[PDB]
Each structure stands twice: as structure tokens, then as C-alpha cells.
Ligand SMILES: CCCCCCCCCCCCCCCCCC(=O)OC[C@H](COP(=O)(O)OCCN)OC(=O)CCCCCCCCCCCCCCCCC
Ligand SMILES: C[C@H](CCC(=O)O)[C@H]1CC[C@H]2[C@@H]3[C@H](O)C[C@@H]4C[C@H](O)CC[C@]4(C)[C@H]3C[C@H](O)[C@]12C
Ligand SMILES: *C(=O)CCCCCCCCCCCCC
Ligand SMILES: [Zn+2]
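Chains as they are written, first to last, in the authors' numbering: chain l, 3 to 158; chain L, 497 to 551; chain i, 1 to 127; chain m, 1 to 128; chain n, 8 to 178; chain o, 1 to 122; chain M, 1 to 459; chain p, 2 to 175; chain h, 6 to 17.
Here it is in C-alpha cells:
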């Protein structure tokens, strides 16, 4: 039974509208920040911090414990992406930039070394192994009719 | 490995403070591959789905 | 920092209700009230037969239950499988293909009696 | 002296390291007073119906309705064709289709040429 | 809103827990645990709201640089490998109202003893509603804390789900 | 290994190339060189079903060991003597490969000295 | 086909002339007898189709679609009982009359030997379908959904009418058997480029093709459950069945005219699969899931290989049962919470243990877990498209990953986590609801034993 | 007996005679005796009883035989009645040729398993026959498309024949 | 001690 005035609407132009808009979404009129009016269809839906639900207090008594939400709280435009089963934005022990540099450096270094170790293989001091009957020409599917090129190995 | 680990294992009892090292955190956090790829790939894919694919 | 004067009363009021609720969750000795049930004559026999320890006669039940299991879970399936393979699968071409047995120099073939000539004399050396 | 924490969109600034958690003025303290005032009013309405023993059903949540409504039905009436929406529409709408057309058209033109010449190995290719 | 004392106490608890994770061995932790206490006891009397604040901010920045990358967590605490584990066994109480009569018949005492709580809950509801609407200011409640019962025979307002909440190891 | 340092941290023309050996005529330096003999015929190996990498000069010992194993079943600790004989026979085959390798290394260095001698005078 | 046409028509007298309280029982029982007799259509010969008369015929392509159509009618009657339980008796019988008349048109559509007869019945399914959506839909948007459903189909159908009549004048007949022998190749000219588009765009919009699908999220969401089951299970397959017929008379022009539609389909399924990862409406998520599976069918029909035509037939029948089941599962929740939001009721596995088993099986077949016929059809198309171009394996594989992500996301949001505290009316699943899910999944899982009856004429 | 040995050839079997070199009891032999007694014997009795009942009620089914009819080459243009019979025969022969490729493939796969590690040499006969039939199958029924037919097969043949005719002529020009 | 375990109805 939600009426047209209780639903999201167009961008607030006059200062009075932002007051009505903020009251509609249960926010302080000084805390209500509509999205930029660039024509991407956000209207007057509040813009909330891009913080994952995993950050919210795990000990507070939530109406919806798994979603970390309170009945009537304005939900983030991307709530379904910030649920606890998805993207997590919690602070990390190591700075984000230093994480990428270390991981990229490790992978980049390892790949180069494998290439370095590819052109310089490590093998043992032995010549090619020898097999009889012309290097197993008949065993390896050689044509019975066309007699093979003779191959001879000598005792040593 | 046993000798190096056993002696290094024996040094935990000494009353000496710790020095947070990059190598230590690198091993502890699995090289950051989860902390990045499990926050970057889901974010990009799940943001293109809503902004571009749907809206 | 501690509880305000009213908070200590509320928790006590609830803590008494909560501890009373957890007592109601206990089941009476008769519960659960199971509707009347009938067992097979075989089941009744072992209920009283096995009361005495009698290690010599206790293994009988162990072999009894394992003997039944082998008959209903090993012997019957292998009968069905062997009957299925012998008279329905193996009667069709190439359904079961065996890697031919290896013949070594010195063996005797059971189909014709042929004896594969042994290998020539080796340059024997003890090492 | 330590490396000041650097925050990206996926690594939020810790509250402890946030300067906004220490410089507490009268407005900041009062600002939280009104936040908990509205948060308390909503927590009241929910519990009146949540705990009511004569209620069987679903407590309609207008916040939930407004969330889904904006995500689906209020988008187009708030859409304006401009430079941003037009360029993004073509780049993400038509770009991939043109890209994949030349990847596949080029590949099939290449392969079709070999088969006519006879240079493509199709010795045992009888399933298609 | 948190007071300076509240924030200071929390930093002391976290540092020991991370320091405890760093040391592992108890005696080594005991040695360093006291030294950490000493660094806190030397600023207890500081009555300068500005110099004291600078200490906390510098104290937190030191904690972050030295926090354990993988701090110990109690299994059922948020992040430990038992959190929400048994939430899959916690059934709401109202499900029993849907049981078949032949299924309630298995527990005549429990369900006979259950109507009392339902009888008790309905009777108390009207008083609980009246108590709240008379102690609520004109503009509505300003906090989530709830008043207790101010008489005898009256249960605290909004007790049903707090009292009847599922156990912690239901199955 | 150790010989890698003489090919990677050193001259490569003075070292054998396992992808190119042998680089000299087999009879060069061997008057009426003898040829290795295979005791086991092709049919015996074919009927014995030996893996191609085992269809080598060292065969006719593996066949005997395999024949023993089929016969000593379930005594799987037996036939140990035939294992050592085949292990030894393969070992002799491995050393000869090293001899071919050391022979290759010496011949390459021999070509080095010969070329330098006639090169320096010129 | 009169042994199925006439019995279907007799379901209308049965409904109107039966007691007031027996309209559901009698219609369900007799519509199941009709479905039982449709198994006689499996008298298929390896060289020739089963040609009954001058009007109707049934080959291995029509037979699986006919059995699916006649099998759904009783399932549609079981689903509709709850939300029609409190409606005027005459209007309950008008609703049932619409479903029967929709089955009457469908079975004649899948068996018509003459394409203009196919067009009339293909185009006649709109009237009963539109009436179901707009009259017995629940929301205000049902009125806007019918218009989108109406003018998208007609905008493509009317050009098809001109092309079909044009072909008859040139060829002398629209009989399918005649076209199999009198077909001539299509020369590469601008005139034939628009003949090709006319013959296909009608069938593309019904699949639907990515780009022309905006009517499907509206019609499949605002319709009642009975409407959503037929819309997604059969009516989407009139496009697939149409293309499988009309491409006979469009070679070799299909070699190059299929590029824009293959790119829209190959790329479209990634786009629509990704949309399912962020849908706030459970029913809408299932609707967008249809566009991805039907994108494989469009690619399967446009490459014209025996492995592609066998995959397409299996994919259509497989998706027919799976899509219908998913809508029913989502509807069982709606009949309790009366809302289509996905994140409103959670942890339902705690309150409805058996209904969560159906959710698991519905999701497993949706993501094509082998050896289900869902996987068989999808697997065959992937092999056929790989031979068309090896690079397509990237797009096919990426869609399998995304397909499994949203399938399990739907299963984890509603059937796992913590139950919503304030929803206290999740009554135990009725026998009607449980039997509805069994009648979907059980025949779906049985076809794995003998899948050759859903592999079409090229088996 | 059950199946024709000419279509599915199998080389003669050769089983080495046991030559034990141990005094221990070979368990397999004892299990073999037990299996032939507690499994093989009871199964045969049931099969023998079932077989006798079959002989009491004996009846036959026949392999359908199609008399050849004029093929597409002899059918006039746009003559459905002749084209219909020619096309149905082509579709029937298409199915038979598909199963012929299966028979050859079955022989090829059977050879690989039977010959063990010597398959790459002892199965050169099967591989060569497999390569020949597949190429014959490919030349006739490949690249026709989902809407294949006798007309499309004939046109592909005429294209192949023309290239062969021109290729021989062009080479003979030199 | 035996405690009553609350479950959803399993009869249906
Ligand atoms: C979810 C958001 C939307 C995502 C959109 C999809 C991703 C877009 C990625 C950017 C586009 C990349 C494609 C570029 C065109 C293909 C060029 C190419 O490199 O093809 C490689 C290979 C060539 O095969 P061929 O068809 O014969 O072409 C030969 C032409 N000289 O082609 C093949 O034969 C097929 C090889 C398939 C390889 C497996 C699939 C790759 C992904 C594997 C998982 C990730 C691991 C990557 C490392 C393994 C790579 C094989
Ligand atoms: C053999 C095993 C262990 C008995 C024991 O040694 O204690 C017992 C434990 C449970 C038994 C099974 C279960 O009771 C279920 C079946 C019940 C009947 O005993 C027939 C076979 C049946 C399948 C049993 C076979 C066997 O006797 C079992 C498997
Ligand atoms: C050479 O072919 C293998 C590469 C070397 C790996 C082994 C390294 C250890 C041997 C060097 C130390 C020698 C003293 C023990
Ligand atoms: Zn309802």
C-alpha cells in the first residue's frame, strides 16, 4: 500500500525537496546525499558509503542478523553486491598498493625465472639412448613395405 | 629443513620483540591473491552487471 | 559504566524468565509418546537372547548379521551381475575385451601345446 | 613515524586511524544523537509488530520496497540521453558485438580458405 | 559515541590479544604483557584532553603497524571457525504451531505446558504495550534500552523473543 | 650437475650437444668396431608386451624377470636376483652412454686444438 | 492429429458442465489422460516422418514438443488453484477455457504441414496468452506487459506473413514435404536479404534474441504462474521450432546472414547471465535465465550441423521442464510471503526441508550437471560451435561459469543463511506443491536413460 | 555363435601354461574354484531352466529387406513421387553407412585393448581399414549440413568428380 | 537430561 509519495522520485531541485527526500528515507536532512544528476537514472535515492556489510558491527543486535540491517534502514543501492557472501571492503592489515606491488612482483619474477630456466636446462652427461632394430622402426608403427634407413650402434 | 626449522622453532621462547616483516605478512596472507582477486574480480564483474548490463 | 539501576532489574526479570523457559524444554519420562509398534519374530528373539554377555555366544550375532549382509549385498548382486555378463553382455561382440596374456620364451600354450623357443644363451655374468 | 594508511575503495580507512573519531565537537556529538533518535524510532515500530502475538504474516518494509523500486522502475524516468550515457551505451552495447564479429569473421575466413586449398587437416573429421 | 575511557580500554584489550598471538608462549606473553601494562600506567593521570588525545591516536597508529596479520580468534567469535555454525539448527518457536495434531500428540506435556506461555504472552501483551506508550516521550523513544516491569505480576515489555530465543546447541 | 657450468658459464663449442650427438662418424678411431647384439628377438618382445622405452638392448633380462614374477605369485619378495641382473644390465647401458658423452667431449676439444694449431700459423 | 485435437476440445464442455466444486479435479484428471495418449506419437521411422493427413504431420522434432505441451496443461491447473481459490466460478472456468484453447492451438501449430497454417496457429496463441496476463495478472504493470508482449510479436510476425505468401507464389506450395524436394538455393541479392530477415525476425523475437527481449522480463513477471509456465516452457519454443523449419528454404544465405545474430546470441548470453547476478526479483531472475539458454538454441539453429540440431532439440525440451519448475518453486514462496523480492525470505531450508531438495535439483539441472539432458543439449551445441569456430569455446565456457554462479546464488539467498525473523507464516509445503515439483523433475531425470526420443529428426 | 565372426574378427587365443616357482598356495586358483561353484553353478541352473521355457514357445522375427529403387540420379526434376522413394533410400543407406563406420571403429578399439603394448604395430591393419572407410564416409556425407539430402549429396559428388577430371587433365597437360 | 528439539513439521 505504498503511495507515489512514499517511493523514490526525481532529483531534488529546490532545498525543500531534499528535506522531504531525506525524511522519506529515514535520514537526517544534513546527512542525505543524492547521487550526481548525470542522467544515469539514480533519481533521489540516497548515496551511502561504499562499505561492505561485513564491516558493520557483528555484536550489535540487528533486526536482520545475517544482512546486518535494521527494519526501515535505507538500503544501499548496491546492497546485493555488498552482502557478506560477496565483495568485502573491510580495512586490510597491509596497504592495498603494497599488496598489488608484492603479488605482481612475485608472479612477474617467477615467470621470468622459468623462462631463464627454460633456455638453460639441467641434464645429465649422457648421449642419446640407443634402441635396437633400427631404433624400433617396426615397433613405432613403421611401414613394413618401405625398408627403413639402417641405424647401427656400436659397443662402447 | 628440520635443523633450520627446529632451531628457528626454538627461538620462539626467547623474550625478544617481533619485527613485522613483508616476507612474514606475505606468507601469512597467502600472497594477497585472495585478498585482491576475491575483492577485485567480484567487484568488477558485479559492477558491470548492474551499471552496464542491466541499467 | 556498569548497569544503570533499572538495567540490573530487567536482566534479572528476564534471566528468571529465560531460565524458566529452558526448564520447560525438558521432556517428561514418558515422552516421546511412541504409537504402538510391532516387531518381527526374529527381532524379538535377539532382544532377550543377547542379554547375557557370553562372549562365546555373542559372536554368533556378529556372524549372523555379517552372514546376512554378505548374502544380500555380495552374493545376490554377483549372481545378478554374473548372469547379466555371461548371458547378455558377453553374447554381444567386443562388449568385454581382454588384454591378451603375455607369452614368455619357455611357456606352453594351452590352446595348441606350442612351446615358444627359449632365448639364446646370455653372456652370463655374476654381478 | 609510520606509513600513513592508504585507503582504496576495497580497503576502507580503519576507524581507529580516522581523524574524525577523535576530534569530537558539540555538533558531532549531537549529530549522533539524532541518528540514534531516528534509528530508535524505527527500532520501536518494528518491535511493536514483531512482538505482537496477534500478528501472522510479513512485516512490510518500506525501505526494502523503495530499494527494489529504484533499482528497477525509477531508472528510465530519471534517464537523460547525454554525452555520458550515449558514449557508454555504444562502448558497452555495440563495441563488444563489433569486436567479436571481426574475431569470428576473420577466423572463419582464414579456415575456409585452408579447407578449399586442402591445407587443413581433416583426416578423421566426420562429426560436425 | 564513545568516551575516551572506552576507546582507551578497547585498545588495551586488542593489543594484548594481538600481543598474545605474537608471543604464543604464555611466559613470554606474561613478560611482554606487563611491559605493555607499564606503558599504559604512566599516562593514567594525564588530565590534558589534548595531549591525552594525541597519545591515543599515536597509540592506535602503533597498534596498526604491529598488529598480528592473523590474530587469534575464539571459535564462536565473529571470524572464528565456528561463528554461525549452529544457526542452521535454530528453528523459530512459531513453527510448532504448524505441527500436525498427530505430531503434537507425541509431546502432550510440552505442548500442554506450552499453551501457558501463549496464554501468559497474550495476557501480558496489553500491559506491555500500555507501559511503553506512557513512558515514551512526545517525539518518540531516544534510545533502544527498554524499561523493566514496575509492578508485580507484570512481565518486562518486549520479552517474548528475548526469552524464547533458540538455544545455542539446539540439536 | 657440474658440466653445465662448462657450457653455460663457458664456451659452448667445446661441449657436447645432447640434441646433436653423435657429431663424429661412429667408426672414426675404431678399426672394425663391434656392434651391440640383441639376444631377444622382435617376436619375443612383441609377445612379451614390453613398453617401447623398455624395447632396448637391455631387454631379454626384463623378460626373464617378468616371467619369474608371474611364477612366484603370491611370493612377491622372490625374483629379486633377476631384478638386480636387469638393474645391472641397464646400469652397463647407462655407463656406455656416459662413455659416448666423454668421447664426444674429448673429440670436440681435439678438433679445437687441431684447428687452432693450423689457424695460428696462418 | 484428430485423436488429440478432439479430446482437447472436449475439455471445454467438461469444465463448464461439471459440478461447481469439481472443475479442478475433472479437468486435471482428463488432461492427464490426454497426455498419456500422446506417447503414441513416438512411432517414428528412421527415414520417413509420420504423415497423418494433408493438414498434419509429426516427425521427431514435433513429437517431443507435443508431449511437453500436453504434459504441462495438468501442471498448469495444479499451480493455479491457490490464487484462483477465491474467484467467481464463471471466471475460474473462463481461465481454464483459456488454457485449453492455448493447448489446442499449440498442438496444431507443432503438427501443421503447411506453413501458412503454422502461421495462423502460431499467431493465434497470442490472444489466449495476452488475456491470461492482463486479466489474471496481479500487478498494475500487467497492462503494460501485454502491450509489450503483443506488439513485439506482431512487429515481427506481419513481415513473416508477407514472406510466406511470397514464397508460395514463387514455389507453388508451403507444404513442408513439398519444400523438402522443391527447395531452390537463395541467391545473394538485396531482395533475398530482406526475405531472409522476414522469415527469421518473427522467430527471433519469440526465442527471444538478445536486444528484442525487453518484452520477456515484463510478460514472464506480470503473468500468473500458469501463464509463466506455458510462456517459458513452450511459447518460447515456437520460435525455435519455426527456425528449425524455415531454414530449409534459406540456404546458402544463412552462411553470412547469421553473423549478426550469432554475435548477438554469443555475447547476449554473457550479458543476460550477468544480469542474473544482480536481480532483486526472484521471478525476474528466472526470466532473464531463459534468454541465456535460448541464446544457445539460436546459435545451434544458425550453424546448421547435425550435432547442433540434436543439441537444439534437447536444449528446448530440457529448458522447457527446468524453466517451468523454477517458476513453480518461486511461486510457492510467493503464495506465502506475497512478494517477489529475493532477499525478503531467507534460510527457507530451515522451515521447508523438502522444498529445498527441489530447489537443489532445479538448480543442478539449470547449470547443466551431467548426465542430465540439460547438459546433453548444451554439450552438443558447444561441440558443434567449436567446429564452427574454435574461439567460441571462450564464450561458451564463460557462460557456464556465470550460469553456475547465479543458479547457486538463487539457491543460497533463499534456502540458506538465517531465516527472516518477522516472517512467521511459512506453513509446511502442501501435497499439491510437492507433487507439482515431482511431475517436473521426475520426467526430466528419466529422459537421461533413453535420451534418443528428444534428439530430433537428425538422430 | 551369438555374433558373426567375419564382421567382428578376433585373433585366436593363446594362454600360457602355469609354471609355478613357489610352494605357496596361489589364492586366485582357490577363489576361481569357489567362484565356479557358488556363483557360476547356481547361475547356470537358473539360465538352463529359463532356456527350456524359451524352447517350448519358439517364434521368429525377420530382418527387414528393402528392394532397391531408382536413386536421385534417375529422378526427373521436381518429381516428388520419384524423388521421395530415392530420398528415403538414401537416408536408409546413410544410416547403414553410419553403422559401418561404427563396426570398423569397434574393431579398431578392440584391437588396441587386446594387443596391449603392441597395439601400435599389431593394429596397423585395423587402422588402415579405419582410415579408408572414414575417408569414404567423409567424401560422401560430410559438409552437407543439417538439411542434408540425396540432392545435396549428388551435387557434392559432381563437384568432386569435376575437380578430379580437371586435376587429371591439368596434370596431363604438362 | 533429554531436551525437546524444535523442528519444522515433518508430517507433511
Ligand atoms: C565475464 C565478463 C565478460 C568476459 C568476456 C570474455 C573474455 C574476453 C577476453 C578478451 C578476448 C580474448 C579473445 C581474443 C581472441 C582470441 C585470440 C586467441 O588468442 O585465440 C587463442 C586460440 C586460437 O585458436 P583459433 O580459433 O584456431 O585461432 C587461431 C588464430 N591464429 O583460441 C582457442 O583455440 C580457444 C582456446 C580456449 C582457451 C581456454 C579459455 C580461456 C580461459 C581459460 C581460463 C583462464 C585461464 C587462462 C590461461 C589458459 C589459456 C588457455
Ligand atoms: C552387518 C552390520 C554390522 C552388524 C554388527 O556386526 O554389529 C549390520 C549393522 C546394520 C545392518 C543393516 C541395516 O539394519 C539395514 C538392513 C536391515 C536388515 O538387517 C537386512 C539387511 C540390512 C541392510 C542390514 C545388514 C547388516 O546386518 C547390518 C549392516
Ligand atoms: C645437475 O644436473 C643438477 C643441478 C644441481 C642440483 C643439486 C645441487 C646440489 C649439489 C651441489 C652441492 C655439492 C656439495 C654437496
Ligand atoms: Zn497467496
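Just so you know, even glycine gets a beta-carbon here, dropped at the ideal spot from N, CA and C.
Closer than 7 angstroms: residue i CB and nearest ligand 2 heavy atom
i, result
"residue 136 of chain p", "no"
"residue 132 of chain i", "As displayed, chain i neither begins before 1 nor continues past 127, which places residue 132 of chain i out of reach and without an answer."
"residue 57 of chain i", "no"
"residue 55 of chain p", "no"
"residue 104 of chain i", "no"
Cβ pair residue i, residue j closer than 8 angstroms
i, j, result
"residue 549 of chain L", "residue 207 of chain M", "no"
"residue 244 of chain M", "residue 181 of chain M", "no"
"residue 325 of chain M", "residue 440 of chain M", "yes"
"residue 92 of chain M", "residue 23 of chain M", "yes"
"residue 52 of chain o", "residue 142 of chain l", "yes"
"residue 212 of chain M", "residue 298 of chain M", "no"
"residue 337 of chain M", "residue 345 of chain M", "yes"
"residue 229 of chain M", "residue 327 of chain M", "yes"
"residue 385 of chain M", "residue 400 of chain M", "no"
"residue 20 of chain l", "residue 34 of chain l", "yes"
"residue 62 of chain n", "residue 72 of chain n", "no"
"residue 143 of chain M", "residue 134 of chain M", "yes"
Within chain i, partners of residue i - CB distance below 9 angstroms
i, result
"residue 60 of chain o", "105, 119, 120 and 122"
beta-carbon residue i near ligand 1 non-hydrogen atom, thresh 7 angstroms
i, result
"residue 398 of chain M", "yes"
"residue 88 of chain M", "no"
Chain-ordered neighbours of residue i on chain l, where CB pairs are closer than 8 angstroms
i, result
"residue 48 of chain m", "Going along chain l, no residue has its Cβ under 8 angstroms from residue 48 of chain m, so there is no contact; the nearest lies around 11 angstroms."
Ligand 4 heavy atom lying under 7 angstroms from the CB of residue i
i, result
"residue 335 of chain M", "yes"
"residue 82 of chain M", "yes"
"residue 338 of chain M", "yes"
Contact list for residue i against chain m, beta-carbon separation under 8 angstroms
i, result
"residue 339 of chain M", "58"
Distance cut-off 7 angstroms: residue i Cβ against heavy atoms of ligand 3
i, result
"residue 125 of chain o", "Residue 125 of chain o cannot be examined here, being either before or after the span of chain o that is shown, 1 to 122."
"residue 5 of chain o", "no"
"residue 126 of chain l", "yes"
Terminal residues of the alpha helix (DSSP H) in which residue i lies
i, result
"residue 13 of chain M", "2 to 16"
"residue 46 of chain p", "42 to 57"
"residue 155 of chain l", "Neither: residue 155 of chain l is in no alpha helix (DSSP H) and is coded neither H nor E."
"residue 536 of chain L", "529 to 544"
"residue 84 of chain m", "83 to 93"
Partner residues on chain h for residue i, Cβ-Cβ distance less than 7 angstroms
i, result
"residue 25 of chain i", "8 and 9"
Neighbour list for residue i in chain p, Cβ cutoff strictly below 8 angstroms
i, result
"residue 39 of chain o", "Simply none; closest approach about 19 angstroms."
Task: Length-filtered (4 minimum) alpha helix (DSSP H) runs lying within the region 48 to 108 of chain o - done: 62 to 72
Open item on the list: Quick check on the DSSP output: what are the complete alpha helix (DSSP H) runs of length 4 or more inside the region 107 to 195 of chain M, in order along the chain?
Closed with: 115 to 124, 126 to 136, 142 to 171 and 176 to 182
- [ ] Only counting runs of 3 or more residues, tell me where the beta strand (DSSP E) segments fall wholly within the region 112 to 141 of chain n, in order along the chain.
- [x] none
Task: Those runs of the beta strand (DSSP E) which lie wholly inside the region 90 to 163 of chain p and span at least 3 residues - done: Complete beta strand (DSSP E) runs here, min 3: none at all.
Task: Residue ranges of each alpha helix (DSSP H) within the region 12 to 98 of chain n, 4 or longer - done: Runs found: 33 to 48 and 56 to 73.
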